[PDB]
């Protein structure tokens, strides 16, 4: 019993697609799913994906309502598909993966991931479900999370935060931290030591360190003198330059939080997706300085100092490799006469 | 267990909604119903109605696949709704009635016609189904059709033709004549004596009498001297003028048939529906004569002669009333010096 | 003089359809109504309803711009249609009723409510217009509202708030309180004594009682010792439980306002409409506790105390029937050893 | 009083917009104009243009229902706009010109052609309407067609056929020949001597000379020995090759009419418009020969003989220019040893 | 090399159309432009204009990213078109002008503004680009803006603010102050002395003078007694009347800012565009007073005191003409016994 009317019945009663039987009437008209409640037409789903409206409405249901890794973490690990679940990208308002395994007949390519066509793909397993660890050992290319310790395997501690129904949080009623594993052509590979993106919003920014709390509270001169930040040029990379028509640096999300509360500005998030690095179109109000492509990254302010306080200040120009979120991020460094001048994510 | 996937299953196997259980996948995209057959997307229904695509697709599957009265007959006998069936208007590619009685939940206004809301409405009953004659006796306003005599009521013989899956025919493997009955606010009313339109197409015209066979075969002068048609002016009403650039009469479909085979012309049905009187935009391709609103009617010609050979040729102008297809069509008559000049349906 | 260009003329000058004559050009393209103002194309209306764009644009105009009862009040009273007016459901961006009486020809089913077709329907009359009281006495099924006393009829005082152009308010320049009457098959029926939903928003929450001002200001222990709420378990029903993965209770809107200011959270309003009892999808952003179907209701905190301090604490489980907004709301009660454990709206 | 409901009223009663006052209800939904006739929705116009939805419906009702020059004649001349009329391109189901002069406010760029903005544009005037043959003397750039002679101007005889409601005909109840005049920046210019295309359809081909009647009746060798067509190679240019996989020649429309009746073939008009030279994708169904771009032109067979029996057969290759339909068509001519090998329109 | 794939490549890398070479795949589906980024479909542009989606997406990428005059300024000067640029109306999410010069082939009417078709139109030049001053001297109808003084021409200082990427600002890193010039049929005309609207938002209101800071801070009585505002009736025109059902006056934007912080209300901006005078639909959420058509204007409070303090208080009623934003705004004045009663923009 799998039908459009049955899916809408679960949406009207249990919120998401449970396993309950029953049907309610449905009207489809211009990428919108309607239902009749006491004689009125009520909207339930507005299609914004590249799929048919009835298929995406079935994929919006059955979505994973448990804490799952962020889409950027799954994309950096090369995950291509999900096993017996659907990871809903709450950004883009679309599924994070376009094909399914035993979920929706229109998007299904296999009933079970052990079929022959799923071998060259990177399948995503959730060890919190029974037997998923066994299928990961039998699979050829995959990624596994478990919350615990799987015998015989070496774990990699992942991000402390996770997305729950679109809300990125560090849970205490739940865990939201996973041990990551990965197989490539049958070989279990070692995930390298890495930094992690804090994933924070601009309008509800919160510090997470004593150094961060001081950065927001203290002035520009008082913060550089205490933590010994001379010559490393935090005035241009973090604070930002607004004197001329072109904006200076401003490549730390912490730099946007302090500036936003003192003077709002405009953001255009072209290419709206969840990437480790983000490019915004910035137009500073009050002043008028702007920049078309502004590469911004969110790191703990202590981590950015640890990265910059371990580089050779002698070379004029050098490409810097740093692994964040299980991928190599390229940085560009410029130095003059023993002090840096700029240090930003490479384009 | 009514669902969209179950309806499409009946369309694939049985052709129409046979009530069989089973489901097949369905994709809805831009007023089109698709299904997947061996990994290939196949079209099943293209919505051309004023209803949601998933509702009209269900009404099209539950259509009546038996000989039913033509829509113009149902519209002249002011029928508003159908009882436990769907009369599909094949000319408009839409249902002949918007509301239903126990057919589709989205369009249903009642489970059974004996409910309180259906009393002021004219309900269509089909005596060929069990118990429909009993409900017509209990109903307040309705129309009944039967193949038999029915006890206690006086029948009215209908037309010889009927629509079967869109094809108007006079069947011999099936019966296409119906005895018509009608109730208005309780009292059974006597249907008057009437003529019937033959409902014939232009590219597939067939005569149905000896006078018609002679009209096609013989010339203009040879047909008027026989049958004695002097003064009644059939040269203008039936044959046509074509001399001046404003077309004369040509108000008989039998006149369009003879003219079409000798030299074709253009027709525009700018109001596409099934009416007793049709108005076409005709442009003769040979001479160049044309007319914007040309009122055309299809009679046996043996009836049109009977209608015209029974009018007072003394008065110069008179509105003529004649009952065709259970409704009074108004005609305009002009005479001069004891002979007819023109005689056409009134707008 | 009724036309699309004339309606857009009234929108461009008077704001709504004021009945003035005149036309302005209009362009229709993909559920959007445009007009030309000084050579530029300006949007006027975006269709979000299940109706054609030109019909809904005419129904958006002619809307009632005076204080009218809320949709949930009309729905609980079983109102089916409106008489010579249009009640716009600002929550669904659509008409609250799909058929009209002498308003729009495309949606009209009658010119006057005294016609024979409108008898089995529940017609809404507005006593503030001339003669509407007389038509309510002649009607069979209907609901009447008045600002004063109608001679011979027993009134029922309604809520103190009403919607004015989508704004729920307790007016002082306008009344916004009505005496309610109702007829059923000709019999004037007695409306029961009932509670009323306050209809307040989460982001603009305002107390309306001394007990409510103390609930927001005082702590959890300080509010229960006063007012004497021991054993009645307000810690779980109103304050809520966030310790475990599943959220416990939290069924009072005043409990959402206190929690929202101390810690924001996510709400998914599936089935968006006015239904006295609302079901949201809660995801607490701080702890991570969540709940798919959370039945929330907005009552004066004094009224919920009056309801709970008048129930038998002996039975282990019992269905409680309380009339709110002219309808019976079913509650579920659980008790243990002389004290309650949970008390929520039943599903 | 111009409105959408008034235009549809004219479409219902009079067939086109003739200026009668009255309104009927109208519903727009997905590029379709509907109306309600006795409770059922009837389609009136299906938008296939690049215009909105109803603006094209108004332009379609105000079309010219009189014999007007074909679009290719108006396009070979520099005509850019029409004066107080609308020329409907029946091939593309769209107006032949986008802007109007005093016809539709949405598409109007001026009320009268002598309004400073229409000076650099070529305005089409119709001398059959009162005036205009005086505004053309006042206009800077324009084209005039008359049925007779105008004083002081030298006429140019146009083609014998014209389009009436989409039907190309040589009328005898109307006049389809026009005297053409043209002004460019003030000076009246001399139109050169030219050939005219016959504008004939494939499935309704009709000969127009004794040589054409002999071409269809007689065989290949019997037609070349008469009329003396040795060395000019009509076996390849008109008859066709069909022997090899690539199709040979076949650039005369009379060559298609003879071949189509002796067993058909497939044509794709992948650029649907009215041009003097048409390019078709032809695939022979009998042999299998085909050609992607096949340049076909419709000339009187006597005219093509007159064009080919007057070229220098000595040079091996030469670009030939001939004026057809008031434009220079380029031809490619190849010869060998004093006889023609191929002769086709240049791409 | 101009194509849809190349335009999208400039959107993903440089933010706007920088003229860089390269292509990326693109999917078009229902007024939405998609692209593939790491295997997912990402939205780039949502068409809300009256143009095709691929044409509007190209115009949006070629928008002017420098400070340009506001649309109301360009409209008050009668500007019809832009020269070699695109002025994007950020309020309407559409181009401020529908035709272009050497920008987009689909919307282009000329390559250079010196062509013969652009003469009767009012073209907009930007003096900050090379040679634009020379083309303005050669043009017939146009408007020039410069940051400095052009030799031989008399300048007119414009407003202090301008729009940069949709943000109206008084820049200090950029000028945003322009000298305005205008030609009419070759004659350079003198722009009159005028007032300027401040162009401020309600939720981010900021005073700009000592009188404005006092108006927001002080009470109603203390502001009138200090600046000698007796008899001029600022209580009704600026403060507003909320006692009765109809709202009184409130035609200054500074009066909306003071009321909004003390008591929020609703605004419906029907006819959404940038005009010197705005008409909103006001609904006060506290008292219930409302007004359908409320003409609101934003001037410096000192400028509104400069007016009214130079008017004859003797006449009972008289039309007042004051030039604001280079256009004559009409006001209505009512006086009684030496003191004014109302003074508002005329409808």
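Heads up, residue numbers simply count up from 1 along the chain you see.
Note: Cβ is positioned from N, Cα and C throughout, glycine not excepted.
As recorded in Swiss-Prot, the features of this protein are as follows:
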type	residues	note
DOMAIN	A:3-63	domain 'Nsp15 N-terminal oligomerization'
DOMAIN	A:64-189	domain 'AV-Nsp11N/CoV-Nsp15M'
DOMAIN	A:206-345	domain 'NendoU'
ACT_SITE	A:236	active site, proton donor
ACT_SITE	A:251	active site, proton acceptor
BINDING	A:291, A:292, A:293, A:294, A:295, A:342, A:343, A:344, A:345, A:346	uracil binding site
ACT_SITE	A:291	active site, for uridylate-specific endoribonuclease nsp15 activity
SITE	A:291	site 'Transition state stabilizer'
SITE	A:295	site 'Uracil recognition site'
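What Swiss-Prot annotates, mapped onto the structure for a quick look.
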residue	record	Cβ contacts under 8 Å, 6 or more apart
A:236	active site, proton donor	A:248, A:249, A:341, A:342
A:251	active site, proton acceptor	A:237, A:238, A:294, A:295, A:296, A:297, A:344, A:345
A:291	uracil binding site	A:246, A:247, A:250, A:281, A:282
A:293	uracil binding site	A:279, A:281, A:347
A:343	uracil binding site	A:233, A:237, A:308, A:320, A:331, A:332, A:333, A:334
One finds that other Cβ atoms within 10 Å of the Cβ of residue A:345 (uracil binding site) number exactly 19
For uracil, with binders A:291, A:292, A:293, A:294, A:295, A:342, A:343, A:344, A:345, A:346, what's the maximum Cα separation in whole Å?
18
Per DSSP, the domain 'NendoU' (A:206-345) contains 39 helix, 45 strand, 56 coil
How does the domain 'Nsp15 N-terminal oligomerization' (A:3-63) divide up by DSSP, counting helix, then strand, then coil residues?
18 helix, 16 strand, 27 coil
Around the Cβ of residue A:295 (uracil binding site), other Cβ atoms found within 10 Å total 18
Of A:236, A:293, A:343, listed here as recorded positions, which sit with their C-beta under 8 angstroms from a C-beta of chain E?
A:293
Tally of DSSP helical, extended and coil residues in the domain 'AV-Nsp11N/CoV-Nsp15M' (A:64-189)
16 helix, 36 strand, 74 coil
